[PDB]
Each structure stands twice: as structure tokens, then as C-alpha cells.
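Down below is the structure, laid out as C-alpha cells.
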Amino acid sequence: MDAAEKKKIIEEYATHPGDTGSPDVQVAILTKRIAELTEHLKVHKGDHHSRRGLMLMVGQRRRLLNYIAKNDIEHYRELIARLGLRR
RNA sequence: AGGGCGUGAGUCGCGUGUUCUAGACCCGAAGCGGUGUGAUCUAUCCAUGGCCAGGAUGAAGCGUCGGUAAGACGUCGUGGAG
Ligand SMILES: [Mg+2]
Ligand SMILES: [Mg+2]
Ligand SMILES: [Mg+2]
Ligand SMILES: [Mg+2]
Ligand SMILES: [Mg+2]
């Protein structure tokens, strides 16, 4: 998250070239952040405050995915298929 | 002074009684000491071999599925532990 791969993620998950805040981009960014924080917590199992931040990110991503699936179910399926298949 | 002790037959053989030192009239311990013999029984150990019909039970592990942010965990199969 030195903004390099963040911009990369924004551009390769954007719906249109100017898109930077749509639910797809938000879910992609949140998933990358959840992965990074999961690794950090695996290193530091005792970081309860960061784990709470991780849970907040998880819930936010869940609500965004719920909105996406409520609007366009096939788009939701494609997005989650790209993003870890929702296991 | 009074008193104690003292004022010629012995000695050597043989026999014999008792006795001394020797096992000492004879028999009998449990045990003590010295030096050896034994681990072909048995106790433990050491090296090197053998052996344990048959039938049960179903531990880890692994895998599937479910679960989760990752899990834990659940489920099923597999597995064959003591
Ligand atoms: Mg004595
Ligand atoms: Mg002795
Ligand atoms: Mg003796
Ligand atoms: Mg000997
Ligand atoms: Mg022997």
C-alpha cells in the first residue's frame, strides 16, 4: 500500500477510466487491505486493535458486496470470481 | 619384755591311687577363622538369534464437505495407533 499497487488496483478494477470510488474498486481495495492485515496479524497475533480494524474492513466489504449482489447478481458473481471466489 | 617361726632319714627304681600339661574316658552342637570351588538352578545384566493361531476395537495423520477475513470447529471417508 505505497499507493503504487493501490493505483494499479483502482485502474484494473475500475468500471470506466475515471472510476475511483465504485463498489467494485472499493471491494478490491478492501480485499487487498484485508490480505495485508491478515499477514500482519499472523506476524503479530497480539494486535487486537488492528484486528478490530480488520473486522471493520470485513463488514464494510460485506455490505458493499451485498449492494452489488442486490443490484446485479451476475456482476457480483464475476467480481467475487475474480476476487477469491468467496470461500 | 612378750610373741611368730624353727631345731636328721633320706633318696632312687618298679607297681599303684589322685593330679598337672597334652584331645586326656567316649560321643554330640548351633556356630567362628583361613584358603579355595561354584551364576549349567536362580537373581540382574551383556552380545547375538528365535517366537507370539485367530478374531475385535478404531488414536494420530491425511483427504472431502461445511464453516471463517484466516481459522478454530463440525461432517464424512481414509488410516491402523495402543
Ligand atoms: Mg563371636
Ligand atoms: Mg571371613
Ligand atoms: Mg566357614
Ligand atoms: Mg568363577
Ligand atoms: Mg546363566
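Lettering follows sequence order; numbering is per chain, from 1. Side-chain atoms are counted along with the backbone in the values below, which use heavy atoms only and exclude waters and symmetry mates.
Using a cut-off of 5.5 angstrom for ring-centre distance and 30 degrees for interplanar angle, B:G28 is classed as not stacked on B:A29. Stacking check, B:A39 with B:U40: criteria not both met, so the pair falls outside the 5.5 Å centre and 30° angle limits. Neighbours B:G58 and B:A59 form no stacked pair of bases, judged on six-membered rings against the 5.5 Å and 30° limits.
Taken together, B:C12 and B:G17 fail the test for a Watson-Crick or G-U wobble pair, since the two needed distances are not both under 3.5 Å. With the cut-off at 3.5 Å for both distances, B:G8 forms no Watson-Crick or G-U wobble pair with B:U21. Between B:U16 and B:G82 there is no base pair of the Watson-Crick or G-U wobble kind with both donor-acceptor distances below 3.5 Å. No canonical Watson-Crick or G-U wobble pair links B:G63 to B:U48 with each of its two hydrogen-bond distances shorter than 3.5 Å. The bases B:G74 and B:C65 are paired, Watson-Crick or G-U wobble, with both atom distances under 3.5 Å.
Between A:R87 and B:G67 there is a side-chain N or O to OP1 or OP2 distance below 4.0 Å.
Spacing between B:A56 and B:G79 at atom P, rounded to whole Å, works out to 16 Å. Taking atom P on both nucleotides, B:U19 is separated from B:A24 by 14 Å, rounded to a whole Å. Separating the P atom of B:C26 from that of B:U18 is a span of 16 Å, rounded to the nearest Å. Rounded to whole Å, the separation between the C1' atoms of B:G66 and B:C76 comes to 11 Å. Nucleotides B:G38 and B:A22, compared at atom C1', are 40 Å apart to the nearest Å. Distance check on atom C1': B:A43 versus B:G31 gives 28 Å, rounded to whole Å. For the P atom pair drawn from B:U57 and B:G77, the interatomic distance equals 15 Å after rounding to whole Å. B:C25 and B:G4 have their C1' atoms separated by 48 Å, given to the nearest Å.
Side-chain heavy atoms closer than 4.5 Å link hydrophobic residues (I, L, V, M, F, W, Y) into clusters, and following such links, possibly through other members, connects A:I73 to A:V27.
Sugar pucker of B:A39: south, since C1'-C2'-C3'-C4' comes out negative. Judged by the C1'-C2'-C3'-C4' torsion, which is negative here, the sugar of B:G23 sits on the south, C2'-endo side. On the basis of its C1'-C2'-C3'-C4' angle being positive, B:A47 carries a north sugar. The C1'-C2'-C3'-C4' torsion of B:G8 is negative. Its sugar is therefore classed as south. Judged by the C1'-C2'-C3'-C4' torsion, the sugar of B:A9 sits on the south side, since the angle is negative.
Going from atom CZ of A:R62 over to atom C1' of B:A70 covers 15 Å, rounded to whole Å. Between A:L83 atom CG and B:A69 atom P the separation is 13 Å, expressed in whole Å. As rounded to whole Å, 9 Å separates atom P of B:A70 from atom CZ of A:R86. Regarding A:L85, its CG atom lies at a distance of 12 Å from the P atom of B:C65, rounded to whole Å. Between the CZ atom of A:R63 and the P atom of B:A69 there is a distance of 13 Å, given to the nearest Å. Rounding to whole angstrom units, NZ of residue A:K45 and P of B:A70 are separated by 14 Å. Distance A:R61 CZ to B:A69 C1': 6 Å, rounded to the nearest Å. Atom CG in A:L54 sits roughly 13 Å away from atom P in B:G71 (whole-Å rounding).
Contact check for A:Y76 versus A:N71: no side-chain heavy atoms found under the 4.5 Å cut-off.
With rounding to the nearest 0.5 Å, the separation of OG1 in A:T31 from CE in A:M57 is 11.0 Å. The distance from the CD1 atom of A:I80 to the CG atom of A:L65 is 7.5 Å, given to the nearest 0.5 Å.
Heavy atoms of A:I34 sit under 4.0 angstrom from primed sugar atoms or phosphate atoms, though from no base atom. A:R51 comes within contact range of no nucleotide atom at all, as no heavy-atom separation falls under 4.0 Å. Residue contacts shown for A:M57 are absent, as no nucleic acid heavy atom lies under 4.0 Å away.
Partner of A:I29 under the side-chain contact (heavy atoms from CB on, under 4.5 Å) criterion, chosen from A:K32, A:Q26, A:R33: A:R33.
Salt-bridge formation is detected for the pair A:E11/A:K7: a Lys NZ or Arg NE/NH1/NH2 atom is positioned less than 4.0 Å from an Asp or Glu carboxylate oxygen. The pair A:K8-A:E5 does not count as a salt bridge, with every side-chain nitrogen at least 4.0 angstrom from each carboxylate oxygen.
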